[PDB]
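Breakdown of the fold
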Amino acid sequence: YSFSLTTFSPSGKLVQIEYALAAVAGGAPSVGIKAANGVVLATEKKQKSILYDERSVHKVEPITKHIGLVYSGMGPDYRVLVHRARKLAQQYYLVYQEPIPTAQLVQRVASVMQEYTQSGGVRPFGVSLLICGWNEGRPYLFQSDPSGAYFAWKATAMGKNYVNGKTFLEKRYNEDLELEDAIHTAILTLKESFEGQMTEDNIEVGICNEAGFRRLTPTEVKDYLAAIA
Amino acid sequence: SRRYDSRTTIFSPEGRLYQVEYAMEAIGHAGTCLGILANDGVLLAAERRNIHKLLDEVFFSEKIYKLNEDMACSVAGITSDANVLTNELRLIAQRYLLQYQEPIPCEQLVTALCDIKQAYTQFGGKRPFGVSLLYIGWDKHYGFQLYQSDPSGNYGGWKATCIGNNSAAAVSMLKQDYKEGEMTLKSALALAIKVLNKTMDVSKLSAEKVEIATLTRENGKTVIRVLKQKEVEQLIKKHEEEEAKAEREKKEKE
Amino acid sequence: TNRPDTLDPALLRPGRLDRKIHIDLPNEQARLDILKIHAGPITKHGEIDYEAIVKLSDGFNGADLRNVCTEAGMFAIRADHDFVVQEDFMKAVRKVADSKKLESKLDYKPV
Amino acid sequence: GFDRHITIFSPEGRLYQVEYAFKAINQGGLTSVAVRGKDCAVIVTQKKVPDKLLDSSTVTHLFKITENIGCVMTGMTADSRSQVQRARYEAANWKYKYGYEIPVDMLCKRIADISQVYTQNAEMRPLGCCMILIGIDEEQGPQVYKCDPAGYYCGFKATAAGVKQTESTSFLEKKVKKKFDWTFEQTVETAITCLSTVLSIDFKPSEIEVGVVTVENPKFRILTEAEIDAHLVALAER
Amino acid sequence: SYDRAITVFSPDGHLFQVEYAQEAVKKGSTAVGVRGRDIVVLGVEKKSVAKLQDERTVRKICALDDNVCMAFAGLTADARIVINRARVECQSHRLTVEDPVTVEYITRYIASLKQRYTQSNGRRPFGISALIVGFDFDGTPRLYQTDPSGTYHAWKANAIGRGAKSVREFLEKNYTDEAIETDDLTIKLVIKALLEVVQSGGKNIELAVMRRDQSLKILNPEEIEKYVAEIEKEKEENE
Amino acid sequence: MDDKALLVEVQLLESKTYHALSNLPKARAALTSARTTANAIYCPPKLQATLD
Amino acid sequence: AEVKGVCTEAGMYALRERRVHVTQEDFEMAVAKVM
Amino acid sequence: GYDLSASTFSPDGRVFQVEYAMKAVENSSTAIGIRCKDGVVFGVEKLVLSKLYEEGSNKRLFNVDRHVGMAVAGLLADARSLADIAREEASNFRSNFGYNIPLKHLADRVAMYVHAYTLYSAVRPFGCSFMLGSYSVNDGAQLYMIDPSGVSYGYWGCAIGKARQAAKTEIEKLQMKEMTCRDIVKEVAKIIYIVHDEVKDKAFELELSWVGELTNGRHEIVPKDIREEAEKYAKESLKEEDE
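Conventions and cut-offs
- Residues numbered from 1 in each chain as written, not as in the entry; some residues may be left out.
- Chains lettered and ligands numbered in written order.
- Part of a larger assembly, values for the part shown.
- Heavy atoms only, no water.
- Residues with missing side-chain atoms left out of burial classes, pairs and counts.
- Helix = DSSP H or I, 4+ residues; strand = E, 2+ residues; numbered from the N terminus.
- Rg over C-alpha atoms; globule rule 2.2 N^0.38 Å.
- Buried < 20%, exposed > 50% of the residue type's maximum accessible area, 1.4 Å probe, protein only.
- Contact = heavy atoms within 4.5 Å.
- Areas by Shrake-Rupley, 256 points an atom, 1.4 Å probe, with all protein chains shown as cover.
- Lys, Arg positive; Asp, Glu negative; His and termini not counted.
- Charge placed at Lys NZ, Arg CZ, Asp CG, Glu CD.
- Buried area = accessible area lost by both parts, 1.4 Å probe.
- Salt bridge = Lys/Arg side-chain N within 4 Å of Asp/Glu carboxyl O.
- Polar contact = N/O pair within 3.5 Å; in protein donor to acceptor, adjacent residues only side chain to side chain.
- Nonpolar A, V, L, I, M, F, W, Y, C, P; charged D, E, K, R; others polar.
- Arc of directions from axis to C-beta.
- Patch = residues over 30% accessible without salt bridge, like charges linked within 9 Å, V, L, I, M, F, W, Y side chains within 5 Å.
- Pairing = 2+ DSSP bridges.
- Axes fitted to C-alpha atoms, helices over the stretch in contact; angles between N-to-C directions.
- Core = buried A, V, L, I, M, F, W, Y, C linked by side-chain atoms within 4.5 Å.
- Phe/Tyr/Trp six-rings, centres within 6.5 Å; stacked < 30°, edge-to-face > 60°.
- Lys NZ or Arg CZ within 6 Å of the ring centre and 35° of its normal.

The record names cryo-EM as the way this model was obtained, at a resolution of 2.9 Å.

Quick look at the structure:
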C-alpha cells in the first residue's frame with residue numbers, strides 16, 4: 001500500500017497505537033523484577049486444555065546467552081519480534097565481536113516497532129516486550145511498547161491486571177532484593193491475578209544473572225511454587 | 001483510489017495541513033521542554049513524564065540527547081519518533097564531520113532534519129513525525145545557539161523558548177522577564193526554574209521531576225553536562241527562598 | 001426458537017429455561033430417516049438410492065427433504081407420470097440445493 | 001473505523017479479519033482429528049464426495065509435506081493447497097540448506113510466521129485454512145502440531161479442526177484424562193471413534209482418510225480402504 | 001513508491017488542491033516587491049517577531065545568487081525546499097554556461113518545479129508564492145511572481161500574502177516614473193505599500209534592496225525607521 | 001513490606017501474649033489492630049476464625 | 001463521599017457490635033472496609 | 001465485511017468477490033467433459049450470439065499442450081488468459097524437466113495461479129472456470145475442473161456453466177467408467193442438446209473434442225464426420241423423447 005495506516009487523530013493521538021496498547025493489556029499477565037544480582041521474567045502460560053503440549057511454544061524466549069525476553073499481547077507478533085531481536089543481536093555480535101548490550105537490543109527492537117508504526121501497509125505490533133539482560137556487571141529490565149518506546153524498570157507488570165500488578169510491586173519491591181527473592185515476588189505478583197490453582201506447568205519463569213539468561217525448568221518452577229504456597 | 005488511503009499529505013479546503021497540525025497539538029499534550037540562551041552558555045530544562053517510583057535510571061537523560069561534540073537536543077511529543085529523529089540527527093552531524101572535517105553548524109543540522117520533516121509532510125502517505133526539537137549548540141560562526149523545530153519542518157532561532165505542555169505560558173513568561181544582552185547562566189537557571197514552577201504548578205517542582213542540561217565552553221572545548229540532583233535541588237531551594245522573600249515584601253508593603 | 005442469540009439472558013437463565021436442546025440440521029442418518037418418512041406415501045416404481053439422495057442433501061433440513069419429495073412429485077406430474085423415480089428424486093434434490101443458495105447464517109446459538 | 005482489513009485493531013484489539021478467517025475455516029464444512037500415542041501419530045478426517053462423479057481419489061485433505069511429515073488441511077481447499085505447497089517448499093528448502101529433515105515444530109513455525117505476516121500486512125487476507133502436521137521427531141517422538149491462520153502453532157497431544165472442533169477437543173480431552181499411553185491400534189481407534197462419536201455417524205471405510213506415522217515406520221502413510229475397513233470392523237466388534 | 005494521484009481535476013475543471021495551496025499562500029505574511037531604474041526593492045512583513053526570536057533565522061528574503069533574490073509567501077518549509085533547489089539549479093547553470101542565471105531563467109525553473117509537483121504522483125503542490133527580483137548581465141531590473149500552480153509572470157510591482165489585494169491596488173495607484181526616479185523614492189514606495197497593510201511600521205517590516213549588479217543589502221531597522229519617519233514627515237506635510 | 005496476612009497473624013500472637021502477661025489494656029489494642037488489618041484482606045477461614 | 005461512607009460504616013460497625021456509642025475501633029474498621 | 005475486494009473476509013468468513021466470480025462463471029452457455037475408460041471427451045454448448053460470427057469464432061476449447069485440452073466457461077478474456085498461463089506452464093515444465101507435464105501437476109499449477117489472483121485486493125479473481133483433460137498410456141485418462149477460487153478436483157464427468165446441474169444428472173445417467181470415447185462422444189452431444197434451452201437461447205452450436213488412446217494421447221477437435229454423426233444422434237434422441 002505504502003500509505004501509513006497509523007495517522008494522527010483530530011485530537012493529536014495515534015488511535016492505532018492506542019488500540020495496540022489495548023490488545024496488549026488484554027494479553028496474558030507477565031511480570032519483570034530486577035534484583036540486586038539478577039532479573040526475573042515470569043508470565044502466565046495457562047493453556048485452554050491439557051491437550052495443548054505446554055513444552056513446544058515457550059512464553060519466555062532467550063535472545064542471547066545474557067538476554068531473555070517475555071511479552072504480553074499477540075503470540076505471533078511476539079514470535080516475529082523475538083526472531084528480529086535475535087537477528088539484531090547476531091548482527092551486533094558480528095560487527096562488534098561482543099554480546100549486544102541489553103540497552104542497544106531494546107533500542108533496536110523499539111526502532112523496529114516504530115518503523116512498523118510508521119510504515120505504509122502494516123500494523124503496529126500487538127505486543128509489549130519485557131527484555132531482561134546482564135550486560136556489564138549490572139541487571140537491566142526494559143519494557144518496549146507497541147509505540148516503539150522503551151522504559152527502564154526496576155520492576156513492572158503488563159497484561160490483564162497490570163495496574164494492580166504495578167501497585168503490588170510498588171508495595172512489595174525494594175532495591176535490596178536478591179534473585180531467589182525476586183523470583184518469589186514475581187510468582188506472588190502473578191498469583192495476585194491468577195485465576196485458578198497455579199501449577200508448575202501453567203506458569204513460566206526465566207532468570208538472568210551473571211551466568212546468563214536461562215528459562216527455569218518446570219521442576220525448578222515447581223520448587224519455587226512449593227516454597228511460595 | 002484506495003478506500004484505506006487516509007490521504008496524509010493532501011491540503012485541506014483551506015491551506016491547512018491536518019496531519020501536521022494534529023502532530024503539533026500532540027506536541028502540545030506532550031511533556032514540557034524549554035531552552036534559554038545566555039552570553040556564557042545555553043541551557044535546556046525539561047519536565048519528566050517518567051516520575052514513576054518503580055522506574056529505573058539507566059541513561060544520563062530521557063528527554064535530552066547529544067548529537068555531536070558541541071550540540072544537544074531535547075524532544076517533545078512521541079518518544080519513538082524522537083528516537084529515530086535523534087539517530088538521524090547524529091547521522092547527519094557525523095556525515096558533515098566526515099565530509100568537511102569540522103563540526104556541523106547548528107543551523108545546518110537543524111535545516112537538514114527539517115528537510116527530512118518537510119519530505120515526510122509532502123511526499124508519500126506516511127504520517128509526519130509528531131516530534132518537536134529544541135537544539136542547543138555551539139559553533140565557530142555565531143557561538144551559542146538555540147533553535148526550535150516543529151513537525152511541519154519549520155525551525156526558528158530563539159534566545160529563549162518552550163515547547164510542549166503549557167509552552168504558551170512558559171514563552172509568555174520568558175518574554176516578560178528575559179533580558180537580551182544579559183542573563184548569564186546563573187540567572188538563566190533561575191529563570192528556567194521559575195518558569196518550570198509556574199508551568200508545572202500542579203507539582204511544586206520536585207528535583208526528580210525535571211532534567212536540566214547546560215552547554216558551555218571551556219578551554220576551547222564544548223561541555224554538555226546534565227545538572228545533578230544536588231544542583232537541581234539547590235536551584236529549587238534558591239527559587240523557593242526568592243519567592244518567599246518576594247511574597248513577604250509584597251505583604252509587608254500591603 | 002430459531003434465533004436463540006437474541007433472547008434475554010434472564011429468559012435463557014438455567015432457572016427459567018432449564019434444558020436448552022438443539023434441533024440441529026439432519027445428519028446423514030437423520031436425512032435418510034426424514035426422506036424415508038416423507039417418501040413413504042409417494043408411489044415409487046423404481047430402485048431408490050436414498051443413500052445418493054442423502055449424499056446430495058448435505059446441509060438440508062427436514063422441510064427441505066419434504067420439499068425434495070414434493071419436487072420429485074412435481075416433476076412426475078410435469079412429465080405426466082402417475083409415479084416417481086430416482087431421476088425425479090435426483091432432479092428434485094438438485095433443485096432444492098440450488099434453492100438453498102438464497103439462505104443466510106443459520107448456525108445461531110444461545111449465550 | 002475499518003474492520004475490513006487486518007491492520008486496524010478495532011478499539012480493543014480484536015483482529016476481526018483474523019476472526020473471520022477462523023470462521024471461514026469452520027465454514028469449510030469438514031472435520032479432522034489428530035492424536036498421538038506412545039510411538040504413533042494419527043490424523044483422521046471426514047471424507048465427503050457428494051457427487052459419484054468426482055474421482056474420489058483426488059478428494060483428499062491428507063497431504064505429504066515430505067516423506068516423513070504429513071498433514072491434514074481444513075477450511076478453504078484452495079488456501080489449503082496453497083499452504084501445503086508452501087509447507088513442502090519450506091521443508092525442501094530446509095533440507096537443502098541445513099542438511100537434515102525439517103522438524104515438525106520448525107515447519108509449523110515457518111507456516112505460522114507466514115500467516116502472521118499476512119495478518120500484519122493489510123494488502124493480504126489471512127488465508128482461512130487450518131493445518132495439522134504429523135511427524136516423528138528423532139528425540140521427541142510422535143510430534144503433532146496445528147497451525148492456524150492467525151499464526152498460532154501450539155503443539156498438541158490430541159487436537160481437532162473444523163465444524164465440530166470443540167466437541168472433538170472435548171472428546172479427546174476426556175480420553176486423554178485417562179491412560180494416554182496409547183499403542184498404534186489404540187490411538188487409531190481413539191481418533192476414529194472420536195470422529196464417529198462427534199459426527200454421530202457409523203463410518204464406512206469410504207468416507208474417512210487416515211494418515212499415520214510410527215516410530216518403527218516413520219513414513220507418512222495414508223491407510224488404504226482395506227486397512228481403514230479393518231480398523232472400523234475391529235472398532236464395531238469391540 | 002506511494003504512487004497516488006494527489007492533485008486531480010474537479011468536475012468543473014478546477015485543481016482544488018493547487019487552489020488550496022494558493023489559499024495557504026494567501027494566509028501567509030505579506031511580501032511586496034518593486035523594481036526601479038537601477039534598484040530592485042523587496043520588503044516583507046515580519047509578522048510578529050518575538051523579542052526572544054533571532055531575526056537572522058527568519059529569512060522570508062533569500063539570495064538565490066549574486067544577482068537574484070527571492071521573497072517568500074506561504075509555508076516556510078516549502079520556502080526552504082524551493083530556495084535550496086533553486087540555488088542548486090543556479091550553480092548548475094553557472095557550470096553548464098559560463099554566465100550567471102537570468103531572473104527569468106530562475107523563475108521559469110521554479111515554475112517548472114511547481115508544475116511537476118502539481119501533476120506528479122503522490123506529491124502535493126508547493127503551497128508558496130515567490131517574488132524573484134534581480135538583475136541580468138545586461139543590467140536590467142527584473143521582477144517575477146510565481147504562483148503554486150507553476151504560473152510565473154513578469155511584474156512591475158507585486159504584493160503576495162495576506163494583504164496581497166490591498167497592497168496590489170495601492171501599487172497599481174501611485175506607481176510611476178516620477179515615484180521610482182530614485183532609489184530612496186523606490187524604497188519609500190515599497191515601505192508605503194507595506195504600511196498600507198501592516199498595522200505598525202518599522203517593527204513589522206524587513207527591507208532588502210539590490211542596486212545594479214553590486215550585491216544584496218538588507219536595510220537595518222534603524223534605516224527602516226528613518227525611512228518611515230521621513231514618510232510620516234511627508235504625509236503630515238501633505239495634510 | 002505490606003502483605004497484611006502474616007501481619008494479622010503476628011498481631012494476633014501479640015494480642016494473646018499481652019492477654020497472658022500485661023492484662024487487657026494492650027491485648028485489646030493489639031486485637032483491634034489485628035481486626036483492622038484483617039478487614040482490608042480476605043482473611044482465609046483459619047485466620048478469620050482465629051480473629052473471631 | 002468516601003469520608004461520609006466511612007462515618008456511616010463506623011456507625012454500622014457499632015451496630016454490629018450491639019452498642020450505643022461509635023468508637024475508635026469502629027472508625028478504624030470502617031476506614032479499612034471502605035478502602 | 002464488504003465484497004469489494006478479495007482481501008476482505010465476510011463476517012461469516014466468506015470471501016464474497018470469489019463467489020461473484022463464480023456467479024459470472026455460471027452465466028456462460030455450458031461445457032461438459034466426460035472421462036471415458038480410454039479417453040476424455042469435451043463438449044461445449046457454444047451459443048452463437050449473432051449469425052454474423054463464423055463457426056468456431058469463440059473457441060472455448062483450447063489446446064493447452066499436445067496431450068492437454070481445456071474447455072472454459074465464463075469470461076472469455078479471463079479464459080484465454082488462463083489458457084495462455086497453462087500453455088506457458090506446460091512449456092516451462094517440458095523445458096525444465098524434459099517430458100510432457102502430467103495433467104494433475106498442470107491443473108495444480110494453474111489452480112495455484114488462480115488462487116494467487118484470488119488472494120489479494122490489487123487484483124480480482126478470474127471470472128472463468130475451466131476443465132482440463134488428457135490421456136496418456138502410463139497415466140490413464142484424467143479430467144480435472146478448476147473454479148475461480150482455485151479448486152482443482154478430478155472428475156469422471158463434470159459440467160460447468162448455466163445448466164451444470166442438469167448436465168450432471170444427464171452424465172450420472174451413464175456408465176462412464178466402462179464406455180469408449182467413440183460412444184461417449186455421442187453421449188456428450190446428447191447431453192449438450194438435452195441441457196440446451198432452445199426457448200431461452202435458440203441459436204446454438206456444439207463444439208466437441210477428445211483426447212484419448214485413439215488419438216495417441218493427443219488433444220484434437222472431433223473430425224467433422226464424427227461430430228455430424230453425434231449431432232444427428234442428439235437430434236434423433238430429442239425427436240424420440242418428444243414422441
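Considerations on the overall build of chain A
Per the secondary structure count, chain A includes 6 helices and 12 strands. Against the 2.2 N^0.38 benchmark of 17 Å for 229 residues, chain A shows a C-alpha radius of gyration of 17 Å, consistent with a compact globule. Along the three orthogonal principal directions, the C-alpha set of chain A runs to about 55 × 45 × 35 Å. Counting across all 229 residues of chain A, residues that qualify as buried make up 63%. Residue pairs in contact within chain A that sit at least 24 positions apart in sequence constitute 65% of those at least 6 positions apart. Surface accessibility of chain A: about 8,600 Å² in total, with carbon and sulfur atoms responsible for 49%. Put simply, chain A has 24 plus and 24 minus side-chain charges, and the middle of one group is 6 Å from the middle of the other.

Describing the interface of chain E and chain B
The interface is formed by 31 residues belonging to chain E together with 40 residues belonging to chain B. Surface buried jointly by chain E and chain B totals about 2,900 Å² across both partners, of which 52% is contributed by carbon and sulfur atoms. The interface formed by chain E and chain B includes 5 salt bridges. On inspection of chain E and its partner chain B, the count reaches 13 residue pairs in polar contact. Only α1 (16-26) and α2 (76-96) of chain E provide two or more residues apiece to the side of chain E that touches chain B. With 6 residues, the single largest contributor to the side of chain E that touches chain B is α2 of chain E. Taken together, the residues of the side of chain E that touches chain B sort by class into 13 nonpolar, 7 polar and 11 charged.

Let's talk about the interface of chain A and chain B
Every contact between the two is made by 36 residues of chain A and, on the other side, 33 residues of chain B. When the two sides are added together, the surface that chain A and chain B hide from each other amounts to roughly 2,900 Å², 59% of it contributed by carbon and sulfur. Among the residues of chain A in contact with chain B, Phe 3, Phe 8 and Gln 118 of chain A are the three that bury the most area, contributing 25% of the side total. Taken together, the links from chain A to chain B amount to 3 salt bridges.

Remarks on helix α4 (residues 164-172) of chain E
Every α-helical turn comprises 3.6 residues, leaving residues that sit three or four positions apart pointing alike. Residue and element names in this part refer to chain E. Within α4, the full set of buried residues consists of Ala 164, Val 167, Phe 170 and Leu 171. Within α4, the buried residues cover an arc of 135° as seen down the axis, which keeps them to one side. Exposed side of α4, more than 90 degrees from the buried face: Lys 165 and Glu 172 are the residues found there. Residues of α4 that are buried sit in contact with β1 (31-35), β8 (157-160) and α5 (183-195). Downstream of α4 by one or two residues, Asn 174 has phi in the positive range, about 40°.

Overview of a nonpolar patch on the surface
On the surface, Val 31, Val 34 and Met 35 of chain G cluster together into a nonpolar patch covering about 300 Å² of accessible area. The topology assignment puts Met 35 of chain G in the segment after α2 (24-34).

Focus: the arrangement of the chains
The two units chain A and chain C remain apart, with a minimum C-alpha distance of 19 Å. Looking at chain F next to chain H, you find no contact at all, with the nearest C-alpha pair sitting 45 Å apart.

Things to note about the sheet that holds strand β4 (residues 69-75) of chain D
Residues and elements named next belong to chain D. Reading across from one edge, β3-β4-β5-β6 is the order of the 4 strands in this open sheet, with antiparallel pairing throughout. Looking at which strands have only one partner, the edges of the open sheet turn out to be β3 (62-66) and β6 (141-147). Neighbour-to-neighbour, the strand axes of this sheet turn through a mean angle of 25°, independent of strand direction. Pairing analysis gives 7 bridges linking β4 to strand β5 (residues 129-137), with the strands arranged antiparallel. Looking at the pairing, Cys 71 lines up with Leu 133 of β5. Contacts from helix α2 (residues 77-98) reach β3, β4 and β5, with the element oriented near 20° to β3.

Things to note about the nonpolar core
One finds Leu 34, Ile 36, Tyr 178 and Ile 212 of chain B to be the most contacted residues of the largest nonpolar core, which totals 49 residues. Counting residues per element, this core draws most heavily on helix α5 (residues 185-199) of chain B, at 8 residues. One finds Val 39, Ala 157, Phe 168 and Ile 203 of chain A within the second-largest nonpolar core, a separate group that totals 40 residues.

Section: the pairing of strand β4 (residues 68-74) of chain H
Residue and element names in this part refer to chain H. Counting buried positions over the 7 residues of β4 gives 7, a clear majority of the element. In the sheet, strand β3 (residues 61-63) pairs with β4 via 3 bridges, with the strands oriented antiparallel. Following the sheet pairing, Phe 62 is matched in β4 by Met 70. Here β3 hands over to β4 after 4 residues, the two strands then running antiparallel side by side. Alignment of β4 against strand β5 (residues 128-136), held across 7 bridges, turns out to be antiparallel. Considered in β5, the bridge of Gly 74 is made with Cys 128.

Some words on the environment of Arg 28 of chain F
Residues and elements named next belong to chain F. Positionally, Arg 28 belongs in helix α2 (residues 27-38). Residue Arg 28 is classed as partly exposed on the basis of its relative accessible area of 34%. Along the chain, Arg 28 and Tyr 18 lie 10 residues apart, while their C-alpha atoms are 8.5 Å from each other.

Quick look at the packing of aromatic side chains
Going through the model one piece at a time under the given rule, you end up with 29 aromatic pairs over all chains. On the numbers, 4.5 Å between centres and 45° between planes, the contact of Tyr 120 of chain B with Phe 129 of chain B is tilted. By relative accessible area, which is 29% here, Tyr 120 of chain B ends up partly exposed. The buried category is assigned to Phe 129 of chain B, whose relative accessible area is 5%. Ring pairing ties together the aromatic residues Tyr 1 and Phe 3 of chain A, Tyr 4 of chain B together with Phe 2 of chain D, which thus form one cluster. A cation over a ring is seen here: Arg 123 of chain E above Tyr 117 of chain E, with NZ or CZ 5.0 Å from the ring centre. The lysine or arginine in question, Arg 35 of chain H, covers the ring of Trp 156 of chain H, its NZ or CZ lying 3.9 Å from the ring centre.

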